[PDB]
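Following: one structure in structure tokens, then a few remarks.
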Amino acid sequence: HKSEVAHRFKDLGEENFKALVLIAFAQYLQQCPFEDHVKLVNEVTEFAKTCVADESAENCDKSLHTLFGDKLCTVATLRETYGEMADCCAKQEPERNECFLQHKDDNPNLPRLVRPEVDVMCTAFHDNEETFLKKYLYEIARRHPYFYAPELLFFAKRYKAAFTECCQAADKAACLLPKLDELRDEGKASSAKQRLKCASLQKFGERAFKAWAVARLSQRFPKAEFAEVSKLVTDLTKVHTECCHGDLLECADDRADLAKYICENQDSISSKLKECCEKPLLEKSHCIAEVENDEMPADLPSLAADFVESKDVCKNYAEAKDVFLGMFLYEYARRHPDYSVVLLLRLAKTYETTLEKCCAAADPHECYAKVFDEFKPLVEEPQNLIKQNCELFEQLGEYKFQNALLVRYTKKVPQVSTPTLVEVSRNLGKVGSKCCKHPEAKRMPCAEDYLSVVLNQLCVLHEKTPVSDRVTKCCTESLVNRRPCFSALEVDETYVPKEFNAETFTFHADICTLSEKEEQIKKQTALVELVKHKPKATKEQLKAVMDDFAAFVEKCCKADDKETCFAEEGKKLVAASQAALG
Ligand SMILES: CN(C)c1cccc2c(S(=O)(=O)N[C@@H](CCCNC(=N)N)C(=O)O)cccc12
Ligand SMILES: CN(C)c1cccc2c(S(=O)(=O)N[C@@H](CCCNC(=N)N)C(=O)O)cccc12
Ligand SMILES: CCCCCCCCCCCCCC(=O)O
Ligand SMILES: CCCCCCCCCCCCCC(=O)O
């Protein structure tokens, strides 16, 4: 109303307000120390309480961007510490805010945040819960200037919970550690997905984004009408554009509106928004965005009616190509919550191509009549890979399943670095253990979501150090063809094996004391290097060495004079193996 800070203060609450202001400042002034930001927060909070009291008090009328900018320009060491950015303070709003956005460092040169010992961690938490959580909130926020603030706040509260439950536990570590690792990945995944959607919106444009949304929104709100889905898709697009531009406030307002709009028309969108809509202003958005798919209508016509038979296909299609295709997408997506969004896009793409070729032919109907048949092979491809890979994972464990993927890809792309291969394969394996446990109907969507992030990470590392044209093709290809492209890679015939290296296969007793995580990465690293040396080795030849090795270790780690065993038997292993693998 009259006062913006007052309004936000009232909605959000004191605690949330103070946390968000902190995150916001940490995201711009990434270089200032924790104690400086805390001061800022206090002053902004105090000022806020002043306005809550008297809406007409000094400055309370000024907009949030203006207020935020002024306080930002208050920092005396602004130029000394941030140089160029200080020139932003000379500009008027909105150039000022705009200027600040352009100077936000997407990834500064800060030190990796290390995880302390669980005990020091639980004691710090206990002795000063607030400064312990806020300082870490600060460290995370400054390292991820683009992470949507409210969401970072959502994570914080889960972290708080993990410490309460675990620092009380008998075995604190057994409780805490795994919850922490889970929190980290979930954080890594959210981060990666946010930057991924933004990248895509930049490269492939609005249209492509819109398409992806119709599909996703349709699977989620199958009982909504195409007109509502269009509405939502338009607003969602605006939201992402702005949220991607990086302006927290604008992004927040857009999201608030959309969430409240959805809740008001809740009855005509989805029957699973009841809970989400009764939640606090700060959680509405987050909830809705993650809502389970609603139940789809039972009395739903067959597609071929309006899209294959009907002689108005080309008529309706030429009258508004994108709308018609959007309708096709809507119709197909809502009957298939079990398809990955990108699979749906491939079908829509296929349908479009057909109509382009066909509607330009004498007898349209005859030309495009056998299209739903062209879909079959498209749908089955992803399904087959799922059942096939999920079975294999059920046999061997995650670990053993990770090794198979290790051999499989080292062969396809031997140029890639051994460490990169180990990491990608490990994360790929995890997708197997996180998705294969769901009933079929949810597998593909799961794989898509986890595969998309892992594939982007893969492409990035490669952007930096290009090592293969094939990998770069897949990486730059259509986002809808990214995964298929990687799936179509075959063994590298050209590759010339790395010259043998003794050190690379020498193992010491230190291997017996390392943690599982460590031992595995140690073994998996030799494996990639093994394959990189003998790429023509068969499943049989390999399993042989591995079995020998397997024993080797266990044997030399349960016998006196370790380092002797590994050195004496080690020579034997390598000697025999070099021979078996000719
Ligand atoms: C919940 N969310 C916001 C996160 C919590 C903790 C760590 C996160 C990280 S992380 O990078 O610190 N943690 C990962 C990635 C290593 C990258 N390190 C860099 N210095 N770049 C890790 O420790 O294996 C990234 C993204 C989100 C995170
Ligand atoms: C709450 N309003 C404003 C929404 C915001 C963002 C995404 C929404 C979606 S969605 O389908 O795009 N939801 C996305 C994930 C949301 C982003 N989540 C993050 N943690 N970053 C998806 O399922 O692929 C559906 C409905 C409402 C949404
Ligand atoms: C009005 C609704 C807009 C939806 C537009 C339908 C376009 C679907 C065709 C599929 C295109 C695949 C996406 C791409 O890679 O370009
Ligand atoms: C030509 C040198 C061959 C010797 C190298 C042996 C390295 C193989 C690594 C074994 C990894 C199998 C994983 C496991 O033991 O569970």
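Letters for chains follow the order of the structure tokens (A, B, ...), residue numbers begin at 1 for each chain, and ligand numbers begin at 1 in the order shown.
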List the spatial neighbours of residue 171 of chain A as a short mmCIF file (atom, residue, chain, number, x, y, z; two decimals) with C-alpha atoms, in the first residue's frame - criterion: any atom at most 12 Å away, only C-alpha atoms, same-chain residues fewer than 6 positions off excluded.
data_model
loop_
_atom_site.label_atom_id
_atom_site.label_comp_id
_atom_site.auth_asym_id
_atom_site.auth_seq_id
_atom_site.Cartn_x
_atom_site.Cartn_y
_atom_site.Cartn_z
CA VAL A 118 29.98 -33.35 13.23
CA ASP A 119 30.86 -32.65 16.85
CA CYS A 122 26.65 -29.82 16.71
CA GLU A 165 16.99 -34.30 15.33
CA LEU A 177 25.89 -37.04 7.76
#
Using DSSP on the backbone, list every residue of segment 138-226 of chain A that comes out as alpha helix (DSSP H), and give them as number ranges by chain.
A: 138-143, 149-166, 172-203, 205-220, 226
Of the listed residues A:211, A:6, A:121, A:41, that which approaches ligand 2 most closely, counting only C-alpha atoms and all ligand atoms:
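Selected residue with least distance to ligand 2: A:211.
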I'd like the neighbourhood of segment 350-352 of chain A as a CSV table (one decimal) with N, CA, C and O atoms, in the first residue's frame, where a residue qualifies if any of its atoms comes within 10 Å (using only C-alpha atoms), though same-chain residues fewer than 4 positions away should be ignored.
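And here is the file that came out, part16.csv:
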chain,number,residue,atom,x,y,z
A,307,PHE,N,-7.2,-35.3,-34.2
A,307,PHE,CA,-5.9,-35.1,-34.8
A,307,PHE,C,-5.5,-36.0,-36.0
A,307,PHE,O,-4.5,-35.6,-36.7
A,317,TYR,N,-5.1,-26.3,-38.4
A,317,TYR,CA,-3.7,-26.1,-38.2
A,317,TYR,C,-3.1,-24.8,-38.9
A,317,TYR,O,-2.3,-24.2,-38.3
A,321,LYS,N,-1.1,-22.3,-36.4
A,321,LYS,CA,-0.2,-23.4,-36.2
A,321,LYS,C,0.2,-23.8,-34.8
A,321,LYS,O,0.0,-24.9,-34.3
A,322,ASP,N,0.7,-22.8,-34.1
A,322,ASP,CA,1.2,-23.0,-32.7
A,322,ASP,C,0.1,-23.4,-31.8
A,322,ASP,O,0.2,-24.2,-30.9
A,324,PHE,N,-2.8,-24.9,-32.5
A,324,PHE,CA,-3.2,-26.2,-32.8
A,324,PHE,C,-2.2,-27.2,-32.2
A,324,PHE,O,-2.6,-28.2,-31.5
A,325,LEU,N,-0.9,-27.0,-32.4
A,325,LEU,CA,0.1,-27.9,-31.9
A,325,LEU,C,0.1,-27.8,-30.4
A,325,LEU,O,0.4,-28.8,-29.7
A,328,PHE,N,-2.5,-30.1,-29.3
A,328,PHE,CA,-2.1,-31.5,-29.5
A,328,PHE,C,-1.3,-31.8,-28.3
A,328,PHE,O,-1.5,-32.9,-27.6
A,329,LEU,N,-0.3,-31.0,-27.9
A,329,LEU,CA,0.6,-31.2,-26.8
A,329,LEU,C,-0.3,-31.3,-25.5
A,329,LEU,O,-0.1,-32.2,-24.7
A,344,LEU,N,7.4,-36.0,-24.9
A,344,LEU,CA,6.2,-35.4,-25.4
A,344,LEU,C,6.6,-34.3,-26.5
A,344,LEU,O,5.9,-34.2,-27.5
A,345,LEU,N,7.6,-33.6,-26.3
A,345,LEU,CA,8.1,-32.6,-27.2
A,345,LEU,C,8.4,-33.3,-28.6
A,345,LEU,O,8.1,-32.8,-29.6
A,346,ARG,N,9.1,-34.4,-28.5
A,346,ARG,CA,9.5,-35.1,-29.7
A,346,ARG,C,8.3,-35.6,-30.5
A,346,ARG,O,8.4,-35.6,-31.7
A,356,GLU,N,3.5,-30.4,-41.9
A,356,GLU,CA,4.2,-29.5,-42.8
A,356,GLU,C,4.3,-30.2,-44.2
A,356,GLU,O,3.8,-29.6,-45.2
A,357,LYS,N,4.8,-31.4,-44.2
A,357,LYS,CA,5.0,-32.2,-45.4
A,357,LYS,C,3.6,-32.5,-46.0
A,357,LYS,O,3.3,-32.2,-47.2
A,358,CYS,N,2.7,-33.1,-45.2
A,358,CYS,CA,1.4,-33.5,-45.6
A,358,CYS,C,0.4,-32.5,-46.0
A,358,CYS,O,-0.3,-32.7,-47.0
A,368,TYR,N,-1.1,-38.0,-43.9
A,368,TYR,CA,-0.8,-37.9,-42.5
A,368,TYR,C,-1.5,-38.9,-41.7
A,368,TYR,O,-1.4,-39.0,-40.4
A,371,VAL,N,0.5,-41.5,-38.9
A,371,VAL,CA,1.5,-40.8,-38.1
A,371,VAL,C,1.6,-41.3,-36.7
A,371,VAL,O,2.7,-41.6,-36.2
A,372,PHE,N,0.5,-41.6,-36.1
A,372,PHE,CA,0.5,-42.2,-34.7
A,372,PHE,C,1.4,-43.4,-34.7
A,372,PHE,O,1.8,-43.9,-33.6
A,374,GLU,N,4.2,-43.5,-36.4
A,374,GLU,CA,5.6,-43.0,-36.4
A,374,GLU,C,6.0,-42.7,-34.9
A,374,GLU,O,7.2,-42.7,-34.6
A,375,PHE,N,5.0,-42.6,-34.0
A,375,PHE,CA,5.3,-42.3,-32.6
A,375,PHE,C,5.8,-43.6,-31.9
A,375,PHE,O,6.8,-43.5,-31.2
A,378,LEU,N,9.4,-44.0,-31.1
A,378,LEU,CA,9.9,-42.8,-30.3
A,378,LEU,C,9.6,-43.1,-28.8
A,378,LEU,O,10.5,-42.8,-28.0
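Restricting the calculation to only C-alpha atoms and all ligand atoms, the smallest distance between ligand 1 and any of A:100, A:154, A:34, A:28 is found for A:154.
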Considering only C-alpha atoms, return as JSON, numbers by chain whatever protein or nucleic-acid residues lie within 7 Å of segment 440-453 of chain A, sequence-local ones (same chain, fewer than 5 positions apart) excluded.
{"A": [189, 192, 193, 338, 339, 340, 431, 435]}
Create the file for the chosen residues now, containing N, CA and C atoms and written as a compact mmCIF listing (two decimals), in the first residue's frame.
# COMPACT_ATOMS: atom_id res chain seq x y z
N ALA A 189 20.99 -30.07 -7.27
CA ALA A 189 19.98 -30.34 -8.29
C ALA A 189 19.09 -29.13 -8.55
N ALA A 192 21.26 -26.43 -10.32
CA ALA A 192 21.44 -26.81 -11.71
C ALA A 192 20.18 -26.68 -12.56
N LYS A 193 19.03 -27.02 -12.00
CA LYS A 193 17.80 -26.93 -12.79
C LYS A 193 17.39 -25.50 -13.06
N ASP A 338 3.11 -40.35 -17.43
CA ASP A 338 4.20 -41.31 -17.45
C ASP A 338 5.28 -41.06 -18.51
N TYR A 339 5.06 -40.08 -19.38
CA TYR A 339 6.05 -39.75 -20.40
C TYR A 339 6.92 -38.63 -19.87
N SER A 340 8.16 -38.58 -20.35
CA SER A 340 9.06 -37.51 -19.95
C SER A 340 8.61 -36.32 -20.80
N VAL A 431 21.15 -42.12 -10.27
CA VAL A 431 19.86 -41.92 -10.90
C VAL A 431 19.17 -43.27 -10.95
N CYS A 435 15.49 -43.76 -9.12
CA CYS A 435 14.34 -43.88 -10.01
C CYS A 435 13.81 -45.29 -10.19
Per-residue nearest contacts chain A to ligand 1, cut-off 7 Å, using only C-alpha atoms and all ligand atoms, as a tab-separated table:
residue	atom	partner	partner_atom_place_in_ligand_line	distance
A:111	CA	ligand 1	20 (N)	6.3
A:112	CA	ligand 1	20 (N)	4.0
A:113	CA	ligand 1	12 (O)	5.9
A:140	CA	ligand 1	3 (C)	6.4
A:152	CA	ligand 1	3 (C)	5.8
A:155	CA	ligand 1	1 (C)	5.6
A:183	CA	ligand 1	1 (C)	5.6
A:184	CA	ligand 1	5 (C)	4.4
A:186	CA	ligand 1	1 (C)	6.3
A:187	CA	ligand 1	2 (N)	3.2
A:188	CA	ligand 1	26 (C)	4.0
A:191	CA	ligand 1	26 (C)	5.7
Residues within 10 Å of ligand 3 (only C-alpha atoms and all ligand atoms), as a PyMOL selection string?
chain A and resi 200+204-215+226-227+229-231+233-234+320-330+342-353+477-481
Next, dump the selected residues to file, keeping only N, CA and C atoms, as a compact mmCIF listing (two decimals), in the first residue's frame.
# COMPACT_ATOMS: atom_id res chain seq x y z
N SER A 200 18.29 -22.44 -21.43
CA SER A 200 17.37 -22.84 -22.48
C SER A 200 16.51 -21.68 -22.96
N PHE A 204 17.26 -21.33 -26.90
CA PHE A 204 16.13 -21.73 -27.74
C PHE A 204 14.91 -20.82 -27.80
N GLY A 205 14.90 -19.75 -27.02
CA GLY A 205 13.77 -18.84 -27.09
C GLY A 205 12.47 -19.23 -26.41
N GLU A 206 11.59 -18.25 -26.36
CA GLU A 206 10.28 -18.38 -25.74
C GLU A 206 9.44 -19.56 -26.22
N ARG A 207 9.23 -19.66 -27.53
CA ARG A 207 8.43 -20.74 -28.09
C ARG A 207 8.77 -22.09 -27.48
N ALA A 208 10.04 -22.47 -27.55
CA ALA A 208 10.45 -23.75 -27.01
C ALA A 208 10.11 -23.86 -25.51
N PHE A 209 10.32 -22.78 -24.77
CA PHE A 209 10.02 -22.82 -23.36
C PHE A 209 8.53 -23.05 -23.18
N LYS A 210 7.73 -22.27 -23.88
CA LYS A 210 6.28 -22.38 -23.81
C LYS A 210 5.84 -23.83 -24.06
N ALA A 211 6.42 -24.46 -25.07
CA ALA A 211 6.07 -25.84 -25.42
C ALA A 211 6.30 -26.77 -24.24
N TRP A 212 7.49 -26.67 -23.66
CA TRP A 212 7.87 -27.47 -22.51
C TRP A 212 6.82 -27.29 -21.39
N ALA A 213 6.36 -26.06 -21.19
CA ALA A 213 5.39 -25.78 -20.14
C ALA A 213 4.02 -26.38 -20.40
N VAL A 214 3.53 -26.25 -21.62
CA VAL A 214 2.22 -26.82 -21.90
C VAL A 214 2.27 -28.28 -21.50
N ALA A 215 3.32 -28.97 -21.94
CA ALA A 215 3.47 -30.37 -21.64
C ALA A 215 3.50 -30.60 -20.13
N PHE A 226 -7.71 -26.31 -21.81
CA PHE A 226 -6.60 -25.78 -22.59
C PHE A 226 -6.43 -24.27 -22.47
N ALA A 227 -7.54 -23.56 -22.28
CA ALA A 227 -7.50 -22.10 -22.16
C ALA A 227 -6.84 -21.68 -20.85
N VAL A 229 -4.66 -23.60 -19.22
CA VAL A 229 -3.27 -23.98 -19.37
C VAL A 229 -2.53 -22.94 -20.19
N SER A 230 -3.18 -22.35 -21.19
CA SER A 230 -2.52 -21.32 -21.98
C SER A 230 -2.24 -20.13 -21.07
N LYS A 231 -3.25 -19.73 -20.32
CA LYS A 231 -3.14 -18.62 -19.38
C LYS A 231 -1.90 -18.84 -18.52
N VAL A 233 0.55 -20.88 -18.81
CA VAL A 233 1.81 -20.98 -19.53
C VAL A 233 2.36 -19.63 -19.90
N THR A 234 1.47 -18.68 -20.15
CA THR A 234 1.90 -17.34 -20.52
C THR A 234 2.50 -16.67 -19.30
N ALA A 320 -3.94 -21.36 -37.16
CA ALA A 320 -3.13 -21.00 -35.99
C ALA A 320 -2.21 -22.17 -35.65
N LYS A 321 -1.14 -22.33 -36.42
CA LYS A 321 -0.24 -23.45 -36.21
C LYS A 321 0.18 -23.76 -34.78
N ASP A 322 0.74 -22.78 -34.08
CA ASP A 322 1.18 -23.03 -32.71
C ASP A 322 0.07 -23.36 -31.75
N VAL A 323 -1.07 -22.73 -31.91
CA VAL A 323 -2.18 -23.03 -31.02
C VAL A 323 -2.60 -24.49 -31.20
N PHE A 324 -2.79 -24.89 -32.45
CA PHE A 324 -3.19 -26.24 -32.78
C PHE A 324 -2.18 -27.23 -32.18
N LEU A 325 -0.90 -27.00 -32.43
CA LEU A 325 0.12 -27.88 -31.89
C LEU A 325 0.12 -27.84 -30.36
N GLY A 326 -0.18 -26.67 -29.81
CA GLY A 326 -0.23 -26.55 -28.37
C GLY A 326 -1.34 -27.45 -27.87
N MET A 327 -2.46 -27.43 -28.59
CA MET A 327 -3.60 -28.26 -28.22
C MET A 327 -3.24 -29.73 -28.32
N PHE A 328 -2.49 -30.08 -29.35
CA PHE A 328 -2.08 -31.46 -29.51
C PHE A 328 -1.28 -31.84 -28.27
N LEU A 329 -0.31 -30.99 -27.94
CA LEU A 329 0.56 -31.20 -26.78
C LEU A 329 -0.25 -31.33 -25.51
N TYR A 330 -1.16 -30.39 -25.32
CA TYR A 330 -2.00 -30.42 -24.14
C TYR A 330 -2.72 -31.77 -24.08
N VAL A 342 10.30 -34.17 -22.45
CA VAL A 342 11.00 -34.12 -23.70
C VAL A 342 10.47 -35.18 -24.69
N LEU A 343 9.93 -36.28 -24.18
CA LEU A 343 9.39 -37.30 -25.08
C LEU A 343 8.16 -36.70 -25.73
N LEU A 344 7.38 -35.99 -24.93
CA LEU A 344 6.19 -35.37 -25.43
C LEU A 344 6.55 -34.35 -26.50
N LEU A 345 7.64 -33.61 -26.27
CA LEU A 345 8.06 -32.62 -27.24
C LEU A 345 8.44 -33.28 -28.55
N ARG A 346 9.13 -34.42 -28.48
CA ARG A 346 9.54 -35.15 -29.68
C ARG A 346 8.33 -35.59 -30.51
N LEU A 347 7.25 -35.97 -29.84
CA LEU A 347 6.05 -36.38 -30.55
C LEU A 347 5.47 -35.16 -31.24
N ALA A 348 5.28 -34.08 -30.48
CA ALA A 348 4.74 -32.85 -31.03
C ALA A 348 5.58 -32.41 -32.24
N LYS A 349 6.89 -32.48 -32.09
CA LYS A 349 7.80 -32.11 -33.16
C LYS A 349 7.50 -32.98 -34.39
N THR A 350 7.43 -34.29 -34.17
CA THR A 350 7.15 -35.27 -35.23
C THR A 350 5.82 -34.98 -35.91
N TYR A 351 4.80 -34.69 -35.11
CA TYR A 351 3.48 -34.38 -35.65
C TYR A 351 3.58 -33.13 -36.55
N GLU A 352 4.24 -32.10 -36.05
CA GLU A 352 4.42 -30.86 -36.78
C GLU A 352 5.06 -31.12 -38.14
N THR A 353 6.18 -31.82 -38.15
CA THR A 353 6.87 -32.13 -39.40
C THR A 353 5.90 -32.79 -40.38
N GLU A 477 23.42 -29.94 -29.52
CA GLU A 477 22.23 -30.37 -30.26
C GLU A 477 20.97 -29.82 -29.56
N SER A 478 19.80 -30.14 -30.10
CA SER A 478 18.54 -29.69 -29.50
C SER A 478 18.36 -30.31 -28.12
N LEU A 479 17.95 -29.51 -27.14
CA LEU A 479 17.75 -30.01 -25.79
C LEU A 479 16.82 -31.23 -25.78
N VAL A 480 15.98 -31.35 -26.79
CA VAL A 480 15.06 -32.47 -26.88
C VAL A 480 15.78 -33.69 -27.48
N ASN A 481 16.94 -33.43 -28.07
CA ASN A 481 17.74 -34.48 -28.69
C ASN A 481 19.02 -34.72 -27.92
Using only C-alpha atoms and all ligand atoms, what does the table of chain A residues within 7 Å of ligand 2 look like, with each row giving the shortest atom pair and its distance in Å to one decimal, sorted by chain and ascending number, as CSV?
residue,atom,partner,partner_atom_place_in_ligand_line,distance
A:190,CA,ligand 2,20 (N),5.2
A:193,CA,ligand 2,21 (N),6.4
A:194,CA,ligand 2,21 (N),5.4
A:213,CA,ligand 2,12 (O),6.5
A:216,CA,ligand 2,11 (O),5.4
A:217,CA,ligand 2,11 (O),5.5
A:236,CA,ligand 2,5 (C),6.6
A:255,CA,ligand 2,3 (C),4.1
A:256,CA,ligand 2,3 (C),6.5
A:258,CA,ligand 2,3 (C),4.7
A:259,CA,ligand 2,1 (C),4.7
A:284,CA,ligand 2,1 (C),6.8
A:285,CA,ligand 2,1 (C),3.6
A:286,CA,ligand 2,1 (C),5.8
A:287,CA,ligand 2,1 (C),7.0
A:288,CA,ligand 2,1 (C),4.9
A:289,CA,ligand 2,28 (C),3.8
A:290,CA,ligand 2,13 (N),5.7
Closest atom pairs, residues of chain A within 9 Å of ligand 4, only C-alpha atoms and all ligand atoms, as CSV:
residue,atom,partner,partner_atom_place_in_ligand_line,distance
A:399,CA,ligand 4,16 (O),7.6
A:400,CA,ligand 4,16 (O),6.6
A:403,CA,ligand 4,13 (C),6.9
A:500,CA,ligand 4,1 (C),8.0
A:502,CA,ligand 4,2 (C),8.4
A:504,CA,ligand 4,5 (C),8.4
A:505,CA,ligand 4,5 (C),5.4
A:506,CA,ligand 4,5 (C),8.2
A:520,CA,ligand 4,13 (C),7.0
A:522,CA,ligand 4,9 (C),8.3
A:523,CA,ligand 4,11 (C),4.6
A:524,CA,ligand 4,11 (C),5.6
A:525,CA,ligand 4,9 (C),7.5
A:526,CA,ligand 4,7 (C),4.9
A:527,CA,ligand 4,9 (C),4.4
A:528,CA,ligand 4,9 (C),8.2
A:529,CA,ligand 4,7 (C),8.0
A:530,CA,ligand 4,5 (C),5.9
A:531,CA,ligand 4,8 (C),8.9
A:533,CA,ligand 4,1 (C),7.7
A:534,CA,ligand 4,1 (C),7.9
A:542,CA,ligand 4,8 (C),8.2
A:543,CA,ligand 4,12 (C),8.1
A:545,CA,ligand 4,6 (C),6.1
A:546,CA,ligand 4,10 (C),4.4
A:547,CA,ligand 4,15 (O),6.8
A:548,CA,ligand 4,6 (C),8.1
A:549,CA,ligand 4,10 (C),5.5
A:550,CA,ligand 4,15 (O),4.1
A:551,CA,ligand 4,15 (O),7.9
A:553,CA,ligand 4,15 (O),8.0
A:570,CA,ligand 4,4 (C),8.5
A:573,CA,ligand 4,4 (C),6.3
A:574,CA,ligand 4,2 (C),4.7
A:575,CA,ligand 4,1 (C),7.6
A:576,CA,ligand 4,3 (C),8.1
A:577,CA,ligand 4,3 (C),5.0
A:578,CA,ligand 4,1 (C),4.5
A:579,CA,ligand 4,1 (C),8.1
A:580,CA,ligand 4,1 (C),8.7
A:581,CA,ligand 4,1 (C),7.3
Go through A:495, A:390, A:362, A:463 one by one, measure the shortest atom-to-atom distance of each to residue 428 of chain A using only C-alpha atoms, and give the residue with the smallest value.
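Checking each candidate against residue 428 of chain A, we get A:390 as the closest.
Proximity of A:19, A:401, A:395, A:499 to residue 130 of chain A, computed with only C-alpha atoms, is greatest for A:19.
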Taken to one decimal, the atom CA of residue 417 of chain A-atom CA of residue 144 of chain A distance is 27.0 Å
Need the shell around residue 536 of chain A: protein/DNA/RNA residues with any atom at most 12 Å away, counting only C-alpha atoms. Skip same-chain ones fewer than 6 positions apart. Format as a list in words?
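In the requested form, the answer reads residues 407, 408, 410, 411, 412, 414, 491, 492, 493, 494, 495, 496, 497, 530, 542, 581 and 582 of chain A.
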For the residues in that selection, give me N, CA and C atoms as a PDB file, in the first residue's frame.
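Writing the result to again.pdb gives the following:
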ATOM      1  N   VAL A 407      32.671 -48.970 -17.527  1.00  0.00           N
ATOM      2  CA  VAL A 407      33.274 -49.611 -18.690  1.00  0.00           C
ATOM      3  C   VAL A 407      32.578 -49.160 -19.970  1.00  0.00           C
ATOM      4  N   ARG A 408      31.252 -49.165 -19.943  1.00  0.00           N
ATOM      5  CA  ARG A 408      30.444 -48.796 -21.093  1.00  0.00           C
ATOM      6  C   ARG A 408      30.778 -47.466 -21.748  1.00  0.00           C
ATOM      7  N   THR A 410      33.620 -45.420 -20.959  1.00  0.00           N
ATOM      8  CA  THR A 410      35.039 -45.190 -21.163  1.00  0.00           C
ATOM      9  C   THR A 410      35.327 -45.637 -22.591  1.00  0.00           C
ATOM     10  N   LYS A 411      34.641 -46.697 -23.001  1.00  0.00           N
ATOM     11  CA  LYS A 411      34.790 -47.241 -24.335  1.00  0.00           C
ATOM     12  C   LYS A 411      34.231 -46.289 -25.380  1.00  0.00           C
ATOM     13  N   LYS A 412      33.064 -45.725 -25.107  1.00  0.00           N
ATOM     14  CA  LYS A 412      32.463 -44.806 -26.053  1.00  0.00           C
ATOM     15  C   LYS A 412      33.269 -43.528 -26.200  1.00  0.00           C
ATOM     16  N   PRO A 414      36.738 -42.465 -24.747  1.00  0.00           N
ATOM     17  CA  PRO A 414      38.027 -42.665 -24.067  1.00  0.00           C
ATOM     18  C   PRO A 414      38.866 -41.402 -23.917  1.00  0.00           C
ATOM     19  N   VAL A 491      31.036 -47.479 -29.430  1.00  0.00           N
ATOM     20  CA  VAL A 491      32.438 -47.609 -29.067  1.00  0.00           C
ATOM     21  C   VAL A 491      33.310 -46.806 -30.017  1.00  0.00           C
ATOM     22  N   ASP A 492      34.400 -46.255 -29.496  1.00  0.00           N
ATOM     23  CA  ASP A 492      35.309 -45.461 -30.311  1.00  0.00           C
ATOM     24  C   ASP A 492      36.320 -46.382 -30.975  1.00  0.00           C
ATOM     25  N   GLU A 493      36.176 -46.570 -32.286  1.00  0.00           N
ATOM     26  CA  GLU A 493      37.070 -47.436 -33.055  1.00  0.00           C
ATOM     27  C   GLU A 493      38.420 -46.782 -33.286  1.00  0.00           C
ATOM     28  N   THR A 494      38.398 -45.467 -33.467  1.00  0.00           N
ATOM     29  CA  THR A 494      39.598 -44.680 -33.722  1.00  0.00           C
ATOM     30  C   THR A 494      40.596 -44.649 -32.573  1.00  0.00           C
ATOM     31  N   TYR A 495      40.094 -44.558 -31.348  1.00  0.00           N
ATOM     32  CA  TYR A 495      40.950 -44.476 -30.166  1.00  0.00           C
ATOM     33  C   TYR A 495      42.158 -45.407 -30.099  1.00  0.00           C
ATOM     34  N   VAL A 496      43.304 -44.814 -29.777  1.00  0.00           N
ATOM     35  CA  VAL A 496      44.548 -45.553 -29.623  1.00  0.00           C
ATOM     36  C   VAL A 496      44.826 -45.595 -28.118  1.00  0.00           C
ATOM     37  N   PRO A 497      44.878 -46.802 -27.538  1.00  0.00           N
ATOM     38  CA  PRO A 497      45.123 -47.010 -26.108  1.00  0.00           C
ATOM     39  C   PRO A 497      46.279 -46.250 -25.459  1.00  0.00           C
ATOM     40  N   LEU A 530      42.237 -48.814 -16.743  1.00  0.00           N
ATOM     41  CA  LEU A 530      42.447 -50.163 -17.262  1.00  0.00           C
ATOM     42  C   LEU A 530      41.825 -50.228 -18.645  1.00  0.00           C
ATOM     43  N   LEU A 542      37.509 -58.634 -18.734  1.00  0.00           N
ATOM     44  CA  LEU A 542      37.466 -57.676 -17.642  1.00  0.00           C
ATOM     45  C   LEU A 542      37.049 -58.332 -16.333  1.00  0.00           C
ATOM     46  N   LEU A 581      44.989 -60.250 -20.923  1.00  0.00           N
ATOM     47  CA  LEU A 581      44.438 -59.244 -21.826  1.00  0.00           C
ATOM     48  C   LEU A 581      45.299 -59.053 -23.075  1.00  0.00           C
ATOM     49  N   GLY A 582      46.311 -59.900 -23.231  1.00  0.00           N
ATOM     50  CA  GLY A 582      47.187 -59.805 -24.385  1.00  0.00           C
ATOM     51  C   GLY A 582      47.470 -58.382 -24.831  1.00  0.00           C
TER      52      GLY A 582
END
Selection near residue 472 of chain A, 8 Å with only C-alpha atoms, sequence-local residues under 6 positions removed, as a ChimeraX atom specification
/A:459,462-463,466
Keeping only C-alpha atoms, write the selected residues as an mmCIF file, in the first residue's frame.
data_model
loop_
_atom_site.group_PDB
_atom_site.id
_atom_site.type_symbol
_atom_site.label_atom_id
_atom_site.label_comp_id
_atom_site.auth_asym_id
_atom_site.auth_seq_id
_atom_site.Cartn_x
_atom_site.Cartn_y
_atom_site.Cartn_z
ATOM 1 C CA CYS A 459 28.439 -30.584 -20.953
ATOM 2 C CA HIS A 462 33.296 -30.233 -21.503
ATOM 3 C CA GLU A 463 32.644 -26.656 -22.556
ATOM 4 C CA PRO A 466 36.588 -29.724 -25.114
#
Nearest-residue call for residue 423 of chain A, choices A:147, A:517, A:14, A:276, using only C-alpha atoms
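Answer, going by the shortest atom-to-atom distance: A:517.
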As an MDAnalysis selection string, please: the residues near residue 268 of chain A (cut-off 10 Å, only C-alpha atoms, same-chain neighbours under 2 positions excluded).
chainID A and resid 221 223:225 228 262:266 270:271
